[PDB]
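Just so you know, structure 1 and structure 2 below are the same protein chain in two forms, each on its own as structure tokens.
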Structure 1
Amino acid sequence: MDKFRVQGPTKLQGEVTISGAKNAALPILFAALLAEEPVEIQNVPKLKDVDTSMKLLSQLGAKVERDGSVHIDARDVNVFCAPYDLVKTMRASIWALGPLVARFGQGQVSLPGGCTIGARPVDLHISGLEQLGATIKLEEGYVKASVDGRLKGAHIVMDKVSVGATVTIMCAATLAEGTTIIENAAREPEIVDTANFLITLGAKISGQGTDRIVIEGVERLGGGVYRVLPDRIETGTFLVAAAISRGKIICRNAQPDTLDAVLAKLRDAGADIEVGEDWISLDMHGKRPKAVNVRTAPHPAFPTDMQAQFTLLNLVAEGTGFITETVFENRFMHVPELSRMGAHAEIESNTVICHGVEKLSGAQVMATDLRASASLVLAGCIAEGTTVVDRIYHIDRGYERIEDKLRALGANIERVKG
């Protein structure tokens, strides 16, 4: 059980290089199961979620190695099941289903269960596949999919907006007979990156990043080389790190058009922001941030993966600000932890109401969330005294070596093995 011991207060300033998007890497690694010649994915972050993906790929029969880049040879894939033991540790494994059924006509993936952040059903994944001609049944907890021959292009109108299901259907359709059209598709940058990787292998896709995606089936996909886009969530997290510590920062290897909503909100909090073509700068000019009001929603609105960080900002800001969550309505476990550190907040239904205090106090807190818990580490950096963040293996799934980057910004942080 690793822990972070953090010493503050400390003013975070300097620069940071952004790693590749964790949530682009993942879908792409699973899309590689479609490829019949070898592919190299560049700029992949070193995260536990990538490790788990590789472990699953390999288990399926693919040939996988890695450093900066990941290498995948999916020619000899010969087992078609993502077993309970893996899926339970990372529900994104469900992404194996699509490609497996599209290419080999069969696929067995464990049905994911409960998550601490809220209800997370996969009905849209299943329904999308059935609509593409797959037959799907559930036995022994496995969703078992099969198709005689290959899938058939279809006009699919999505009941609600879903990143996961949009990816599942998009990927499966690349090897179907004819044209698939996805209506009400998710527009997340990562879905664009995934589509562009697919095209690189010889797929025919258009409309990615808009609500309508068109896929023209081809008979087989090849190999190639593709570089993953920068991680907007990591970028946001560090921008926020500076904004709460009254610091200044430059983020290198960024993609600004990816963060419109976040940057706009940071300006409202009083930050001075400039952007280049692959950098973002933020300066607080020694100022304490002003409270803001936020509502999470699918891209390009403000992202749920940034919600906890902005909650922290508000909790040390001037005034009162609320944050409403419309994507994961129970994603507030960070709030009671920040309360142990002297933050003043209440939760009414799916809105947190924050009353900013001048400074927080060090305490023992517990991580539980892949992305959200990073806010506990950030809190540690600006709190008065010593904070111990327990159970950071969660954070290790989500960020590449966060302590190294924070230290290079002035943080007093240490990883211990209690």
Structure 2
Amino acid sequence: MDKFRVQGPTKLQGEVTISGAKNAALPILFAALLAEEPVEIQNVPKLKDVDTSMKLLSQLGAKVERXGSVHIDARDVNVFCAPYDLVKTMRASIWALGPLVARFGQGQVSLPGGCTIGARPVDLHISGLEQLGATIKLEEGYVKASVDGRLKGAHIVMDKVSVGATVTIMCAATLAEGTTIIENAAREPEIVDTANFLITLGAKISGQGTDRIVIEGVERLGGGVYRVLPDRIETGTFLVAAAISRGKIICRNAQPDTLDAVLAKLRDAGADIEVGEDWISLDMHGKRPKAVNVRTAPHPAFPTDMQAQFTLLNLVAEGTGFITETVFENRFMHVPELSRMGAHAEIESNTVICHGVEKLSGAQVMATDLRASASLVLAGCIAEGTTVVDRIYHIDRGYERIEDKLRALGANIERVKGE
């Protein structure tokens, strides 16, 4: 099992080109199960979850290939049970269910996996599909859905905001008979990107990006060419990397408007930020960041996917700052690991109270999920001495070539294999 050995401290500065969003590429790949003409998806990041999704789609009978772009021809899909091994390793696999039921009248998918940061039920996906007319039963761990004929449009008032369930309902509604209105819909940029991809195929959707999405079902979806938007979490991760190391960075192929909350908190931390049509620059002017208070919540509020990274920022910042996590109930595993590197923090229920220190010390650490693992690698870059982050395959799920990108910013990092 691979690890990253990092030698610190190193000031991270330079430039990085942001890859396509992990969390837009994934729902779009599964939405392609609805397409009855070939599709070309551009700017797809080379990530472990994308590899898993391509294999999963192939096992359903879709013809899939890639490089920068992924090409999919789902016209001959003929298997409606997703394979357990591919389903259980990530969260995105749940998105195979809705398209299979909407287009073929049936689908079976085991409960998903992915980030171990909460119980992560899928009750809202099930409830939404049931409201669209699907009959669903859970048996031996598989969610089995079916419908005789087409799904039927419905006015669905989500009783909890959910990125994934909004996607499931929106995608399935594109082939339903009639109009579907999703209330309390998640507004994330990836939902807007998935909607625009579906519209490219011929779907009729409006309201994406707002709390109310209206879908008018059509008989079938066609094909198209679509470019995935930039990864806002990767962008935020590199901006934090520059901030905590008192450096400067320019992120290219970025989309500033997907990061209003994050950029505002970085400015509160003392960063000098400028933005262009497709880039973001951050300069600390050699200064240590100032601690900030943060509360995660659904988009456009501060994203839970940037929470571990900002915990790190506060732990090396000037002063005390808190990080309140309201979206997931078990997303503080990075804290005890950063404490072993010399950080000072206390956890009070859903909030981490951070007291910034001047410098961290290298240590052997390990994170059990994607963003926590990336945060430990960033800590290693600025810590004094050697840090070894174990189980880094978690990072591969959401970052394309983080090693090369950090190295280009000045990091001393090596991927060590086999012990």
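Heads up, when I say rigid core I mean the largest set of C-alphas that superpose within 1.5 Å between the two forms. Every residue number counts along structure 1's sequence, beginning with 1.
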Item to check | Displaced position between structures 1 and 2, chosen from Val79, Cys115, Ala264, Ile347 (C-alpha, 2 Å or more, rigid core) | outcome: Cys115
Item to check | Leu138: CA movement between structures 1 and 2 [superposed on rigid core, Å] | outcome: 1.5
Next on the checklist: Please give the CA displacement of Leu198 between structures 1 and 2, in Å, after core superposition.
Outcome noted: 0.1
